[PDB]
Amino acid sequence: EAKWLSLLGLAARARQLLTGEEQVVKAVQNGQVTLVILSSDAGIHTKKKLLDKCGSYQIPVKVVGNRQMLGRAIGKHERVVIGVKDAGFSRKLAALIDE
């Protein structure tokens, strides 16, 4: 019931999210993603890969929640890697997480 979880749900409604390690990496490289959210549960190699890649592109990465909470927020069961495709959502989600 956090504000950022609710907002993530609206982003999903608006079809402004991508999920999956490979899909999100590709989207980052194509300049289509302005924030990456990683589950705290994500494997350390997944964490490394995203943090390395997004570091190079200067895309913020947040490590938050768990895969159950993230999946639920977007009407799915479990998700570990989420890419946000809308800059406005990206800014606001980051601010909420950083608050």
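The first residue of the shown sequence is 1; numbering continues from there.
Subject >> Which of 1-9 and 89-97 has higher mean CA B factor, as the PDB entry lists it >> reply: Looking at the recorded C-alpha B-factors, 1-9 comes out higher on average.
Original post:
In the PDB record, does 36-44 or 52-60 carry the higher mean Cα temperature factor?
Top reply: Taking the mean B-factor of the alpha carbons in each, 52-60 is higher.
**OP:** Tell me, lowest, middle or highest third: where does the Cα B factor of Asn30 rank within its chain?
**Re:** Highest third, going by the recorded CA B-factors of the chain.
Original post:
Among the chain's modelled residues, which third holds the C-alpha B-factor of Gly75?
Top reply: Ranked within chain, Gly75 CA B lands in the highest tercile.
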